[PDB]
Novice: 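This is the structure I want to talk about, given as structure tokens.
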Amino acid sequence: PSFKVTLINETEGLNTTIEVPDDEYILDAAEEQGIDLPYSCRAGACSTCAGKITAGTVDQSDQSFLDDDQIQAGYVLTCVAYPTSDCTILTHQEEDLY
Ligand code: FES
């Protein structure tokens, strides 16, 4: 099973919905389909790949940087996030965490 993940960053000209297997991280699946997303550690330990969820849900249990307030506010570490429903994610949201 796969989910439709809408990735959005209009300064990049990015507004694209891709099919992501339920066992693949969003960053990896995006890259495979030719999308460029920001990243550094790829380990869920920083905020470089941070995005913000505006629709749908993810499993990011592997992440270890975002606190509970930040998770509640919709933030996601795309390098370690599986989609769990069709979802919409604003990418390059690191500065919004400041
Ligand atoms: S690139 Fe460091 S948490 Fe995703």
Side-chain angles (χ1 to χ4, degrees):
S2 296
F3 298 105
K4 292 191 268 84
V5 178
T6 304
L7 302 167
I8 303 176
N9 191 107
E10 288 283 12
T11 119
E12 182 172 9
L14 180 69
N15 185 16
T16 303
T17 302
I18 62 166
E19 295 285 359
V20 181
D22 60 5
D23 63 356
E24 184 168 17
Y25 293 142
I26 289 154
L27 177 61
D28 289 323
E31 285 162 350
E32 278 169 357
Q33 291 185 53
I35 296 173
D36 296 313
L37 264 23
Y39 70 92
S40 60
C41 73
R42 307 181 75 97
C46 82
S47 51
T48 300
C49 67
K52 178 194 185 174
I53 305 171
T54 66
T57 61
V58 301
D59 166 23
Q60 60 178 324
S61 52
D62 283 270
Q63 82 88 27
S64 68
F65 182 88
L66 303 174
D67 65 26
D68 298 3
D69 277 349
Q70 290 168 324
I71 293 165
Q72 164 63 5
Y75 296 100
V76 54
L77 297 189
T78 58
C79 71
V80 290
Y82 301 107
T84 53
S85 65
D86 292 346
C87 56
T88 298
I89 295 159
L90 313 175
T91 65
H92 198 214
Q93 283 274 138
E94 183 167 42
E95 66 175 6
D96 303 81
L97 305 175
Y98 182 67

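No hydrogens, no waters, no symmetry mates; every other heavy atom, side chains included, goes into these values. All residue numbers in this chain count up from 1 along the given sequence.
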Novice: If only atom types and distance count, is the side chain of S64 paired as donor or acceptor with the main-chain N or O of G44 below 3.5 Å?
Specialist: yes
Novice: For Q33 and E19, indicate whether the former's side chain and the latter's backbone hold a donor-acceptor pair under 3.5 Å.
Specialist: yes
Novice: Would a distance-only check, ignoring hydrogens and angles, find a side-chain to backbone donor-acceptor pair under 3.5 Å from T78 to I26?
Specialist: no
Novice: Does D67 CG have over 12 foreign heavy atoms under 6.0 Å away?
Specialist: yes
Novice: Taking the side chain as everything from C-beta on, heavy atoms only, tell me whether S2 gets closer than 4.5 Å to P21.
Specialist: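 The answer is yes, as the side chains (C-beta and beyond) meet within the 4.5 Å cut-off.
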Novice: Starting from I35, can I reach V76 by hopping between I/L/V/M/F/W/Y residues whose side chains sit under 4.5 Å apart?
Specialist: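 Shared cluster, yes.
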Novice: Working to the nearest 0.5 angstrom, can you tell me the gap between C87 SG and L7 CG?
Specialist: 8.0 Å
Novice: Looking at CD1 of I71 and CD of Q63, how far apart are the two atoms once the value is rounded to the nearest 0.5 Å?
Specialist: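 One finds 4.5 Å between CD1 of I71 and CD of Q63.
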Novice: When rounded to the nearest 0.5 angstrom, what is the spacing between CD in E94 and OH in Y75?
Specialist: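 Between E94 CD and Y75 OH, I get 11.5 Å after rounding to 0.5 Å.
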Novice: OG1/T91 to CG/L14 distance, rounded to the nearest 0.5 angstrom?
Specialist: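 If I round to the nearest 0.5 Å, the distance is 5.0 Å.
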Novice: If you count every heavy atom of other residues, nucleotides or ligands that lies below 6.0 Å from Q72 atom CD, does the total exceed 12?
Specialist: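 Not more than 12 within 6.0 Å, no.
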Novice: Verify the cluster assignment for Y39 and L90: are they in a single hydrophobic cluster under the rule of side-chain heavy atoms below 4.5 Å apart?
Specialist: no
Novice: Roughly how far, to the nearest 0.5 Å, is the NZ atom of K52 from the CD1 atom of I8?
Specialist: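 If we round to the nearest 0.5 Å, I8:CD1 and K52:NZ are 11.5 Å apart.
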Novice: Verify side chain to side chain donor-acceptor pair (under 3.5 Å) between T84 and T57, making sure each step is shown before the conclusion.
Specialist: CA-CA 5 Å; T84 53; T57 61; 2.7 Å; yes
Novice: Same cluster or not: are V80 and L37 linked, directly or through other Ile, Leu, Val, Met, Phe, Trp or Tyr residues, by side-chain heavy atoms under 4.5 angstrom apart?
Specialist: no
Novice: Pick one: which of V20, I53, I89 meets side chain to side chain contact (heavy atoms under 4.5 Å, CB included) with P83?
Specialist: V20
Novice: Counting neighbours of CG on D36 that are heavy atoms of other residues, nucleotides or ligands and sit closer than 6.0 Å, is the number greater than 12?
Specialist: no
Novice: Nearest 0.5 angstrom please: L97 CG to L66 CG, how far?
Specialist: 6.5 Å
Novice: Determine whether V5 and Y25 fall in the same hydrophobic cluster, where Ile, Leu, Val, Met, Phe, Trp and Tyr are linked whenever their side-chain heavy atoms lie under 4.5 Å apart.
Specialist: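 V5 does not cluster with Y25.
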